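**Q** my complex, first installment, coordinates as in the assembly:
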Amino acid sequence: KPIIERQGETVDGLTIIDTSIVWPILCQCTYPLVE
């Protein structure tokens, strides 16, 4: 029994990492701007 294995995707959002989650965090995101 291994700890890390190839199997995927599981019935959880912890496989296939979306790379498009970059443009919303450069524009449609107000920070605390640094209360």
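**A** Yep, it's here. Numbering: from 1, shown residues only, chains lettered A, B, ... in the order given.

**Q** Is the residue nearest the centre of chain A part of a helix or strand, or is it coil?
**A** Geometric centre of chain A, nearest residue: residue A:17, 5.5 Å, by Cα atoms, centre = their mean. Under DSSP: H, G, I helix; E, B strand; the rest coil, the three-state class of residue A:17 is coil.

**Q** go on, the one 10 residues further on?
**A** Secondary structure state of residue A:27, per three-state DSSP, is coil.

**Q** what about it, neighbour count?
**A** 6 (other Cβ atoms under 10 Å). Bear in mind the C-beta positions are built from the backbone N, C-alpha and C, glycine included.

**Q** same question, the one 4 residues further on
**A** Residue A:31 is surrounded by 6 other residues when neighbours are defined as other Cβ under 10 Å.

**Q** Give me the number of neighbouring residues for residue A:1.
**A** By the criterion of other Cβ under 10 Å, residue A:1 has 3 neighbours.

**Q** now for chain B, put it on the one above:
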Amino acid sequence: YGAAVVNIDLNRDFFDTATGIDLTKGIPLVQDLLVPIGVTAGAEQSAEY
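**A** The block that follows adds chain B to the chains above:
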């Protein structure tokens, strides 16, 4: 006859209290030009010097 102390400062007339500046203390204090971004509520009260 009876003057305790005299001194020199900034004229409270050319630098009017209405626009740009205020003088109640010796320091010419304006409100908001350089406020520290991420601090508590009581801070930035010295950065107005």
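
**Q** if we can go back for a sec, and the gap between the residue nearest to the centre of chain A and residue B:29?
**A** Distance from residue A:17 to residue B:29, counting by Cβ to Cβ, to the nearest Å: 53 Å.

**Q** Not counting sequence-adjacent ones, nearest residue to residue 9?
**A** Let's take chain A. Spatial nearest neighbour of residue A:9, excluding adjacent residues (Cβ to Cβ, 6 or more residues apart in numbering or on different chains): residue A:15 at 3.9 Å.

**Q** that's the other chain; I wanted chain B
**A** Nearest residue to residue B:9, sequence neighbours excluded (Cβ to Cβ, 6+ apart): residue B:26, at 6.4 Å.

**Q** Tell me how many other residues crowd the one you found.
**A** Residues near residue B:26, counting by other Cβ atoms under 10 Å in any protein chain shown, number 9.

**Q** so it, which of the three states?
**A** Here residue B:26 is recorded as coil under three-state DSSP.
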